file my_file-v6.txt (compact mmCIF, C-alpha atoms and all ligand atoms)
# COMPACT_ATOMS: atom_id res chain seq x y z
CA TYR A 449 32.76 -1.08 -1.55
CA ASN A 450 30.30 -1.27 1.43
CA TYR A 451 29.42 2.45 0.78
CA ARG A 452 26.77 2.98 -1.95
CA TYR A 453 24.99 5.63 -4.10
CA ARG A 454 21.68 4.80 -5.76
CA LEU A 455 20.51 6.02 -9.19
CA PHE A 456 20.63 8.27 -12.32
CA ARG A 457 17.23 7.99 -14.25
CA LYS A 458 13.83 9.91 -14.22
CA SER A 459 12.19 10.67 -10.82
CA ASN A 460 14.16 12.55 -8.11
CA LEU A 461 13.81 13.03 -4.32
CA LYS A 462 11.55 15.27 -2.23
CA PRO A 463 13.31 16.73 0.87
CA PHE A 464 13.93 13.93 3.42
CA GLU A 465 12.54 11.30 0.97
CA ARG A 466 14.26 7.87 1.27
CA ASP A 467 14.40 5.36 -1.64
CA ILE A 468 14.76 1.53 -1.64
CA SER A 469 14.84 -1.41 -4.16
CA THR A 470 12.00 -3.97 -4.80
CA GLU A 471 11.74 -3.81 -8.63
CA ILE A 472 14.68 -2.93 -10.97
CA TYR A 473 14.45 0.84 -11.44
CA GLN A 474 16.67 0.38 -14.52
CA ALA A 475 19.34 2.59 -16.18
CA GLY A 476 17.87 3.55 -19.64
CA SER A 477 14.87 3.12 -22.02
CA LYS A 478 14.05 -0.64 -22.18
CA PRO A 479 12.48 -2.95 -19.53
CA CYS A 480 15.03 -5.46 -18.16
CA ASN A 481 13.22 -8.32 -16.30
CA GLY A 482 16.50 -8.99 -14.35
CA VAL A 483 18.90 -8.18 -17.29
CA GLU A 484 22.01 -6.10 -16.31
CA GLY A 485 23.29 -5.11 -19.83
CA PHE A 486 22.30 -2.13 -22.04
CA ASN A 487 19.70 0.23 -20.40
CA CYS A 488 19.68 -2.22 -17.46
CA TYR A 489 20.27 -3.11 -13.79
CA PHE A 490 19.79 -0.33 -11.18
CA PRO A 491 22.00 2.78 -11.73
CA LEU A 492 23.38 1.79 -8.22
CA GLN A 493 27.18 1.84 -7.48
CA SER A 494 29.80 1.72 -4.70
CA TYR A 495 32.65 4.15 -3.92
CA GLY A 496 36.28 3.00 -4.50
CA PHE A 497 37.36 4.14 -0.99
CA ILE B 100 -14.51 -3.09 14.03
CA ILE B 101 -12.69 -0.51 11.86
CA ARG B 102 -9.11 -0.32 13.26
CA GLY B 103 -6.51 1.18 10.87
CA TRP B 104 -4.92 1.95 7.49
CA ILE B 105 -2.14 0.99 5.02
CA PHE B 106 -0.45 3.67 2.83
CA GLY B 107 2.28 3.64 0.13
CA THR B 108 2.75 3.36 -3.66
CA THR B 109 2.74 -0.35 -4.73
CA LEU B 110 1.29 -1.65 -1.39
CA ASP B 111 3.28 -4.93 -1.91
CA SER B 112 5.10 -3.85 1.33
CA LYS B 113 8.46 -5.15 -0.01
CA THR B 114 8.44 -1.50 -1.11
CA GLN B 115 8.28 0.69 2.07
CA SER B 116 4.68 1.23 3.33
CA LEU B 117 3.11 2.97 6.33
CA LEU B 118 0.89 0.73 8.50
CA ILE B 119 -1.35 2.18 11.27
CA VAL B 120 -3.15 -0.28 13.63
CA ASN B 121 -5.32 0.38 16.67
CA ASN B 122 -5.54 -2.72 18.95
CA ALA B 123 -7.87 -1.14 21.61
CA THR B 124 -4.99 -0.87 24.20
CA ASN B 125 -2.60 0.99 21.82
CA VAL B 126 -2.04 2.66 18.45
CA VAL B 127 0.87 0.93 16.62
CA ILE B 128 2.70 2.43 13.58
CA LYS B 129 5.34 0.92 11.18
CA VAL B 130 6.90 1.65 7.68
CA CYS B 131 7.63 -1.94 6.69
CA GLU B 132 9.63 -3.67 3.93
CA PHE B 133 8.04 -7.17 4.55
CA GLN B 134 5.68 -8.57 1.83
CA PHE B 135 2.12 -8.01 3.14
CA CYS B 136 -0.93 -10.20 2.41
CA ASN B 137 -3.04 -10.01 -0.81
CA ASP B 138 -6.02 -9.08 1.45
CA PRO B 139 -5.67 -7.53 4.99
CA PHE B 140 -6.26 -9.61 8.16
CA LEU B 141 -7.41 -8.88 11.75
CA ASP B 142 -8.75 -12.27 12.95
CA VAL B 143 -10.60 -12.18 16.32
CA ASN B 165 10.97 -6.26 8.42
CA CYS B 166 10.63 -2.47 9.05
CA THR B 167 12.89 0.67 9.02
CA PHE B 168 10.74 2.38 11.74
CA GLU B 169 8.23 1.22 14.38
CA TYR B 170 6.29 3.09 17.12
CA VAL B 171 3.61 2.48 19.82
CA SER B 172 1.32 4.93 21.71
CA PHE B 186 -23.42 4.38 15.46
CA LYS B 187 -23.87 7.15 18.10
CA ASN B 188 -20.25 8.36 17.48
CA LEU B 189 -18.02 9.74 14.72
CA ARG B 190 -14.20 9.70 14.53
CA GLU B 191 -12.49 12.02 12.02
CA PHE B 192 -8.89 12.04 10.80
CA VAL B 193 -6.96 14.26 8.35
CA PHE B 194 -3.81 12.76 6.83
CA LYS B 195 -1.17 14.72 4.89
CA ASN B 196 2.47 13.93 3.95
CA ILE B 197 4.87 16.92 3.56
CA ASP B 198 8.72 16.73 3.32
CA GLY B 199 8.64 13.12 4.65
CA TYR B 200 6.65 14.27 7.73
CA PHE B 201 3.34 12.37 7.88
CA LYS B 202 1.00 14.69 9.86
CA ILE B 203 -2.24 13.46 11.44
CA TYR B 204 -5.07 15.59 12.89
CA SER B 205 -8.24 14.21 14.54
CA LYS B 206 -11.57 14.79 16.32
CA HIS B 207 -14.07 12.51 18.16
CA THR B 208 -17.78 13.42 18.64
CA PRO B 209 -21.24 11.94 19.33
CA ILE B 210 -23.67 12.05 16.32
CA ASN B 211 -27.44 11.49 15.74
CA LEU B 212 -27.52 10.65 11.97
CA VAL B 213 -25.50 7.56 10.83
CA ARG B 214 -26.17 8.03 7.07
CA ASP B 215 -24.47 11.41 6.31
CA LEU B 216 -21.64 13.68 7.54
CA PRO B 217 -22.87 16.15 10.27
CA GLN B 218 -24.31 19.54 9.21
CA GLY B 219 -22.42 21.53 11.94
CA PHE B 220 -18.87 22.98 12.23
CA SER B 221 -15.85 21.53 14.12
CA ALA B 222 -12.02 21.72 13.82
CA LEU B 223 -9.56 18.78 14.07
CA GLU B 224 -6.45 19.06 16.31
CA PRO B 225 -2.95 17.58 15.69
CA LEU B 226 -2.23 14.04 16.95
CA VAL B 227 1.30 13.41 15.59
CA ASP B 228 3.93 14.58 13.10
CA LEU B 229 5.84 11.45 12.05
CA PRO B 230 9.32 11.72 10.34
CA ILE B 231 8.80 8.57 8.18
CA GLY B 232 10.46 9.86 4.93
CA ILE B 233 8.34 7.85 2.37
CA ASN B 234 6.56 8.47 -0.98
CA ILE B 235 2.72 7.90 -0.79
CA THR B 236 0.08 7.78 -3.59
CA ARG B 237 -2.33 4.91 -2.53
CA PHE B 238 -4.04 3.68 0.70
CA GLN B 239 -6.47 1.06 2.20
CA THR B 240 -8.40 0.48 5.54
CA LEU B 241 -8.28 -2.41 8.09
CA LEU B 242 -11.22 -4.13 9.90
CA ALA B 243 -11.62 -6.96 12.49
CA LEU B 244 -12.83 -10.41 11.28
CA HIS B 245 -14.93 -13.29 12.79
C1 LIG C 501 6.39 8.18 -5.98
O1 LIG C 501 5.55 7.08 -6.45
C2 LIG C 501 4.93 7.30 -7.78
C3 LIG C 501 4.14 6.05 -8.18
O2 LIG C 501 2.91 5.96 -7.42
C4 LIG C 501 6.02 7.61 -8.82
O3 LIG C 501 5.36 8.15 -10.02
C5 LIG C 501 5.56 7.47 -11.31
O4 LIG C 501 6.95 7.61 -11.77
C6 LIG C 501 7.21 7.00 -13.10
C7 LIG C 501 8.70 7.13 -13.43
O5 LIG C 501 9.47 6.54 -12.36
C8 LIG C 501 6.31 7.69 -14.14
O6 LIG C 501 6.47 7.04 -15.42
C9 LIG C 501 4.83 7.57 -13.75
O7 LIG C 501 4.02 8.31 -14.72
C10 LIG C 501 4.60 8.12 -12.33
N1 LIG C 501 3.21 7.88 -11.93
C11 LIG C 501 2.49 8.78 -11.26
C12 LIG C 501 1.14 8.30 -10.71
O8 LIG C 501 2.89 9.93 -11.08
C13 LIG C 501 6.96 8.72 -8.35
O9 LIG C 501 7.99 8.89 -9.36
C14 LIG C 501 7.56 8.41 -6.97
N2 LIG C 501 8.40 9.52 -6.52
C15 LIG C 501 9.71 9.55 -6.72
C16 LIG C 501 10.40 10.86 -6.35
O10 LIG C 501 10.33 8.62 -7.25
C1 LIG C 502 -1.33 -3.95 21.24
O1 LIG C 502 0.04 -3.92 20.72
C2 LIG C 502 1.09 -3.89 21.77
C3 LIG C 502 2.45 -3.98 21.08
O2 LIG C 502 2.45 -3.05 19.98
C4 LIG C 502 0.88 -5.04 22.76
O3 LIG C 502 1.77 -4.87 23.88
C5 LIG C 502 -0.55 -5.08 23.30
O4 LIG C 502 -0.68 -6.21 24.20
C6 LIG C 502 -1.52 -5.20 22.13
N1 LIG C 502 -2.90 -5.30 22.60
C7 LIG C 502 -3.80 -6.09 22.03
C8 LIG C 502 -5.19 -6.09 22.67
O5 LIG C 502 -3.52 -6.81 21.08
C1 LIG C 503 14.23 -5.45 5.61
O1 LIG C 503 14.35 -4.08 6.04
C2 LIG C 503 15.72 -3.53 5.91
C3 LIG C 503 15.71 -2.07 6.40
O2 LIG C 503 14.83 -1.94 7.53
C4 LIG C 503 16.18 -3.67 4.45
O3 LIG C 503 17.59 -3.37 4.37
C5 LIG C 503 15.99 -5.09 3.89
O4 LIG C 503 16.32 -5.08 2.47
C6 LIG C 503 14.53 -5.54 4.10
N1 LIG C 503 14.34 -6.92 3.65
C7 LIG C 503 13.52 -7.24 2.65
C8 LIG C 503 13.13 -8.72 2.55
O5 LIG C 503 13.12 -6.39 1.86
call {"tool": "encode", "arguments": {"input": "my_file-v6.txt", "output": "structure tokens"}}
result
Amino acid sequence: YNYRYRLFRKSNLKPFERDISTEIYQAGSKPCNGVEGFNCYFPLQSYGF
Amino acid sequence: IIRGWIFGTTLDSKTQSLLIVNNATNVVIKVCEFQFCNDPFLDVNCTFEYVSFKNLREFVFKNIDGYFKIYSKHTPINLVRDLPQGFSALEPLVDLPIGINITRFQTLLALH
């Protein structure tokens, strides 16, 4: 699980753009304020290698 | 007394942010992910780092495909108040592969 892929919401990369966490770019409509339930936490995962 | 610039989106610098600093001996450049100050300082955690009035210094900044290009010119001048009436063309300094989103910026000056 040390190998990761980032997101699935609104804005998407320019060529050779890199993207990093600092605020929760959440996974739906509502603000989360650190919640990880519905609409919430980063859309960030790991591979089951 | 003017010495550099900060660029990025949030400018909290936890979020990645380009920093450019002249320190008279060198130009120093970084993309840092360390929380910067509320107000910049020049009293008399980064993914990339690099090191190199009667006058006017000019710079053009543009960011394309994660390449941050810089062009410049230096000249003498005889009016301090307004930009010079004549024609001159800036030449490329550097073409930096920094890979970051930019929408906001600020300038850095030396302090007593
Ligand atoms: C680059 O940074 C800007 C912020 O300065 C991002 O633009 C905002 O994106 C949100 C959605 O994530 C929109 O609701 C805002 O309206 C946008 N604001 C502006 C000023 O455009 C931009 O999305 C970032 N680039 C990428 C590819 O994520
Ligand atoms: C300028 O920065 C470099 C390291 O980036 C350092 O070696 C040098 O001594 C600095 N000069 C001054 C005057 O601070
Ligand atoms: C420090 O920078 C590295 C990448 O250069 C990053 O993985 C780490 O999350 C950063 N630390 C902080 C406090 O943001």
call {"tool": "closest_atom_pairs", "arguments": {"input": "my_file-v6.txt", "of": "chain A", "to": "chain B", "cutoff": "9 Å", "atoms": "all atoms listed in the file", "output": "tab-separated table"}}
result
residue	atom	partner	partner_atom	distance
A:462	CA	B:198	CA	6.4
A:463	CA	B:198	CA	5.2
A:464	CA	B:199	CA	5.5
A:465	CA	B:232	CA	4.7
A:466	CA	B:232	CA	5.6
A:467	CA	B:233	CA	7.7
A:468	CA	B:114	CA	7.0
A:469	CA	B:114	CA	7.1
A:470	CA	B:114	CA	5.7
A:471	CA	B:114	CA	8.5
call {"tool": "residues_around", "arguments": {"input": "my_file-v6.txt", "residues": "residue B:203", "least_positions_apart": "5", "cutoff": "12 Å", "atoms": "all atoms listed in the file", "output": "mmCIF file with C-alpha atoms, keeping the file's coordinate frame"}}
result
data_model
loop_
_atom_site.group_PDB
_atom_site.id
_atom_site.type_symbol
_atom_site.label_atom_id
_atom_site.label_comp_id
_atom_site.auth_asym_id
_atom_site.auth_seq_id
_atom_site.Cartn_x
_atom_site.Cartn_y
_atom_site.Cartn_z
ATOM 1 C CA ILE B 119 -1.350 2.180 11.270
ATOM 2 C CA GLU B 191 -12.490 12.020 12.020
ATOM 3 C CA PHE B 192 -8.890 12.040 10.800
ATOM 4 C CA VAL B 193 -6.960 14.260 8.350
ATOM 5 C CA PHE B 194 -3.810 12.760 6.830
ATOM 6 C CA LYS B 195 -1.170 14.720 4.890
ATOM 7 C CA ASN B 196 2.470 13.930 3.950
ATOM 8 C CA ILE B 197 4.870 16.920 3.560
ATOM 9 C CA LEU B 223 -9.560 18.780 14.070
ATOM 10 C CA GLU B 224 -6.450 19.060 16.310
ATOM 11 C CA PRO B 225 -2.950 17.580 15.690
ATOM 12 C CA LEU B 226 -2.230 14.040 16.950
ATOM 13 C CA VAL B 227 1.300 13.410 15.590
ATOM 14 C CA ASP B 228 3.930 14.580 13.100
ATOM 15 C CA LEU B 229 5.840 11.450 12.050
ATOM 16 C CA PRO B 230 9.320 11.720 10.340
#
call {"tool": "closest_atom_pairs", "arguments": {"input": "my_file-v6.txt", "of": "chain A", "to": "ligand LIG 501 (chain C)", "cutoff": "7 Å", "atoms": "all atoms listed in the file", "output": "tab-separated table"}}
result
residue	atom	partner	partner_atom	distance
A:458	CA	C:LIG501	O5	5.8
A:459	CA	C:LIG501	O10	4.5
A:460	CA	C:LIG501	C16	4.5
A:461	CA	C:LIG501	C16	4.5
A:462	CA	C:LIG501	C16	6.1
call {"tool": "residues_around", "arguments": {"input": "my_file-v6.txt", "residues": "residue B:216", "least_positions_apart": "3", "cutoff": "9 Å", "atoms": "only C-alpha atoms", "output": "number ranges by chain"}}
result
B: 189, 212-213
call {"tool": "residues_around", "arguments": {"input": "my_file-v6.txt", "residues": "residue B:103", "least_positions_apart": "3", "cutoff": "6 Å", "atoms": "only C-alpha atoms", "output": "number ranges by chain"}}
result
B: 119-121, 240-241
call {"tool": "write_last_selection", "arguments": {"input": "my_file-v6.txt", "atoms": "C-alpha atoms", "output": "mmCIF file, in the frame of the given file"}}
result
data_model
loop_
_atom_site.group_PDB
_atom_site.id
_atom_site.type_symbol
_atom_site.label_atom_id
_atom_site.label_comp_id
_atom_site.auth_asym_id
_atom_site.auth_seq_id
_atom_site.Cartn_x
_atom_site.Cartn_y
_atom_site.Cartn_z
ATOM 1 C CA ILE B 119 -1.350 2.180 11.270
ATOM 2 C CA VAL B 120 -3.150 -0.280 13.630
ATOM 3 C CA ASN B 121 -5.320 0.380 16.670
ATOM 4 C CA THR B 240 -8.400 0.480 5.540
ATOM 5 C CA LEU B 241 -8.280 -2.410 8.090
#
call {"tool": "decode", "arguments": {"input": "my_file-v6.txt", "residues": "stretch 106-245 of chain B", "atoms": "C-alpha atoms", "output": "PDB file, in the first residue's frame"}}
result
ATOM      1  CA  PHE B 106       4.809  32.916  -6.183  1.00  0.00           C
ATOM      2  CA  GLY B 107       2.057  30.269  -5.799  1.00  0.00           C
ATOM      3  CA  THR B 108      -1.699  29.924  -5.139  1.00  0.00           C
ATOM      4  CA  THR B 109      -2.402  30.068  -1.336  1.00  0.00           C
ATOM      5  CA  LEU B 110       1.092  31.450  -0.419  1.00  0.00           C
ATOM      6  CA  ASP B 111       0.839  29.570   2.953  1.00  0.00           C
ATOM      7  CA  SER B 112       3.912  27.627   1.619  1.00  0.00           C
ATOM      8  CA  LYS B 113       2.616  24.345   3.149  1.00  0.00           C
ATOM      9  CA  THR B 114       1.155  24.294  -0.371  1.00  0.00           C
ATOM     10  CA  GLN B 115       4.109  24.301  -2.866  1.00  0.00           C
ATOM     11  CA  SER B 116       5.412  27.839  -3.639  1.00  0.00           C
ATOM     12  CA  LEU B 117       8.262  29.265  -5.719  1.00  0.00           C
ATOM     13  CA  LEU B 118      10.702  31.485  -3.768  1.00  0.00           C
ATOM     14  CA  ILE B 119      13.383  33.594  -5.555  1.00  0.00           C
ATOM     15  CA  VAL B 120      16.025  35.387  -3.394  1.00  0.00           C
ATOM     16  CA  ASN B 121      19.043  37.446  -4.415  1.00  0.00           C
ATOM     17  CA  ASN B 122      21.618  37.687  -1.563  1.00  0.00           C
ATOM     18  CA  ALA B 123      24.175  39.884  -3.470  1.00  0.00           C
ATOM     19  CA  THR B 124      26.645  36.920  -3.903  1.00  0.00           C
ATOM     20  CA  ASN B 125      24.023  34.557  -5.446  1.00  0.00           C
ATOM     21  CA  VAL B 126      20.493  34.055  -6.751  1.00  0.00           C
ATOM     22  CA  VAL B 127      18.760  31.248  -4.769  1.00  0.00           C
ATOM     23  CA  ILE B 128      15.544  29.466  -5.899  1.00  0.00           C
ATOM     24  CA  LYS B 129      13.225  26.947  -4.084  1.00  0.00           C
ATOM     25  CA  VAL B 130       9.631  25.475  -4.414  1.00  0.00           C
ATOM     26  CA  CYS B 131       8.984  24.884  -0.723  1.00  0.00           C
ATOM     27  CA  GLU B 132       6.354  23.015   1.327  1.00  0.00           C
ATOM     28  CA  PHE B 133       7.357  24.679   4.697  1.00  0.00           C
ATOM     29  CA  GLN B 134       4.860  27.168   6.288  1.00  0.00           C
ATOM     30  CA  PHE B 135       6.204  30.666   5.484  1.00  0.00           C
ATOM     31  CA  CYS B 136       5.783  33.796   7.646  1.00  0.00           C
ATOM     32  CA  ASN B 137       2.618  35.999   7.701  1.00  0.00           C
ATOM     33  CA  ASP B 138       4.851  38.875   6.462  1.00  0.00           C
ATOM     34  CA  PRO B 139       8.212  38.374   4.584  1.00  0.00           C
ATOM     35  CA  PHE B 140      11.586  38.928   6.330  1.00  0.00           C
ATOM     36  CA  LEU B 141      15.123  39.941   5.215  1.00  0.00           C
ATOM     37  CA  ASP B 142      16.689  41.339   8.426  1.00  0.00           C
ATOM     38  CA  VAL B 143      20.077  43.089   7.953  1.00  0.00           C
ATOM     39  CA  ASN B 165      11.036  21.608   3.501  1.00  0.00           C
ATOM     40  CA  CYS B 166      11.297  21.823  -0.339  1.00  0.00           C
ATOM     41  CA  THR B 167      10.892  19.478  -3.392  1.00  0.00           C
ATOM     42  CA  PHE B 168      13.495  21.491  -5.427  1.00  0.00           C
ATOM     43  CA  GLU B 169      16.304  23.950  -4.605  1.00  0.00           C
ATOM     44  CA  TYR B 170      18.895  25.755  -6.789  1.00  0.00           C
ATOM     45  CA  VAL B 171      21.717  28.369  -6.540  1.00  0.00           C
ATOM     46  CA  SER B 172      23.419  30.525  -9.224  1.00  0.00           C
ATOM     47  CA  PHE B 186      17.939  55.451  -8.836  1.00  0.00           C
ATOM     48  CA  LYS B 187      20.306  55.742 -11.864  1.00  0.00           C
ATOM     49  CA  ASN B 188      19.473  52.118 -12.899  1.00  0.00           C
ATOM     50  CA  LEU B 189      16.528  49.932 -13.932  1.00  0.00           C
ATOM     51  CA  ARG B 190      16.235  46.126 -13.751  1.00  0.00           C
ATOM     52  CA  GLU B 191      13.465  44.425 -15.764  1.00  0.00           C
ATOM     53  CA  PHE B 192      12.143  40.866 -15.546  1.00  0.00           C
ATOM     54  CA  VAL B 193       9.441  38.949 -17.452  1.00  0.00           C
ATOM     55  CA  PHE B 194       7.985  35.896 -15.712  1.00  0.00           C
ATOM     56  CA  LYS B 195       5.787  33.254 -17.392  1.00  0.00           C
ATOM     57  CA  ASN B 196       4.833  29.674 -16.405  1.00  0.00           C
ATOM     58  CA  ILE B 197       4.082  27.198 -19.266  1.00  0.00           C
ATOM     59  CA  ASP B 198       3.748  23.366 -18.930  1.00  0.00           C
ATOM     60  CA  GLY B 199       5.432  23.507 -15.476  1.00  0.00           C
ATOM     61  CA  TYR B 200       8.442  25.373 -16.984  1.00  0.00           C
ATOM     62  CA  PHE B 201       8.865  28.723 -15.215  1.00  0.00           C
ATOM     63  CA  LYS B 202      10.673  30.943 -17.787  1.00  0.00           C
ATOM     64  CA  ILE B 203      12.455  34.166 -16.821  1.00  0.00           C
ATOM     65  CA  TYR B 204      13.767  36.888 -19.164  1.00  0.00           C
ATOM     66  CA  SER B 205      15.636  40.044 -18.051  1.00  0.00           C
ATOM     67  CA  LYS B 206      17.445  43.292 -18.904  1.00  0.00           C
ATOM     68  CA  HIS B 207      19.563  45.803 -16.895  1.00  0.00           C
ATOM     69  CA  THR B 208      20.058  49.467 -17.962  1.00  0.00           C
ATOM     70  CA  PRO B 209      20.983  52.942 -16.668  1.00  0.00           C
ATOM     71  CA  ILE B 210      18.046  55.463 -16.559  1.00  0.00           C
ATOM     72  CA  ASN B 211      17.634  59.266 -16.058  1.00  0.00           C
ATOM     73  CA  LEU B 212      13.965  59.484 -14.852  1.00  0.00           C
ATOM     74  CA  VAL B 213      13.083  57.582 -11.609  1.00  0.00           C
ATOM     75  CA  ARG B 214       9.314  58.353 -11.731  1.00  0.00           C
ATOM     76  CA  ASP B 215       8.177  56.592 -14.960  1.00  0.00           C
ATOM     77  CA  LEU B 216       9.100  53.658 -17.252  1.00  0.00           C
ATOM     78  CA  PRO B 217      11.605  54.736 -20.016  1.00  0.00           C
ATOM     79  CA  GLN B 218      10.254  56.106 -23.331  1.00  0.00           C
ATOM     80  CA  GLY B 219      12.721  54.082 -25.523  1.00  0.00           C
ATOM     81  CA  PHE B 220      12.762  50.482 -26.883  1.00  0.00           C
ATOM     82  CA  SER B 221      14.707  47.447 -25.533  1.00  0.00           C
ATOM     83  CA  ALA B 222      14.278  43.626 -25.572  1.00  0.00           C
ATOM     84  CA  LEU B 223      14.754  41.247 -22.593  1.00  0.00           C
ATOM     85  CA  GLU B 224      16.862  38.059 -22.997  1.00  0.00           C
ATOM     86  CA  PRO B 225      16.295  34.626 -21.353  1.00  0.00           C
ATOM     87  CA  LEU B 226      17.877  33.964 -17.930  1.00  0.00           C
ATOM     88  CA  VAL B 227      16.497  30.494 -17.064  1.00  0.00           C
ATOM     89  CA  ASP B 228      13.825  27.913 -17.899  1.00  0.00           C
ATOM     90  CA  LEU B 229      13.037  26.125 -14.630  1.00  0.00           C
ATOM     91  CA  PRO B 230      11.214  22.691 -14.616  1.00  0.00           C
ATOM     92  CA  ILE B 231       9.391  23.372 -11.289  1.00  0.00           C
ATOM     93  CA  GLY B 232       5.989  21.778 -12.210  1.00  0.00           C
ATOM     94  CA  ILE B 233       3.699  24.024 -10.024  1.00  0.00           C
ATOM     95  CA  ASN B 234       0.356  25.895 -10.363  1.00  0.00           C
ATOM     96  CA  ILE B 235       0.704  29.734  -9.933  1.00  0.00           C
ATOM     97  CA  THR B 236      -1.998  32.469  -9.622  1.00  0.00           C
ATOM     98  CA  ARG B 237      -0.594  34.926  -6.949  1.00  0.00           C
ATOM     99  CA  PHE B 238       2.788  36.566  -6.092  1.00  0.00           C
ATOM    100  CA  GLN B 239       4.607  39.023  -3.703  1.00  0.00           C
ATOM    101  CA  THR B 240       8.040  40.860  -3.520  1.00  0.00           C
ATOM    102  CA  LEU B 241      10.865  40.742  -0.891  1.00  0.00           C
ATOM    103  CA  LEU B 242      12.919  43.680   0.548  1.00  0.00           C
ATOM    104  CA  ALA B 243      15.787  44.076   3.102  1.00  0.00           C
ATOM    105  CA  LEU B 244      14.953  45.419   6.616  1.00  0.00           C
ATOM    106  CA  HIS B 245      16.795  47.548   9.267  1.00  0.00           C
TER     107      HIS B 245
END
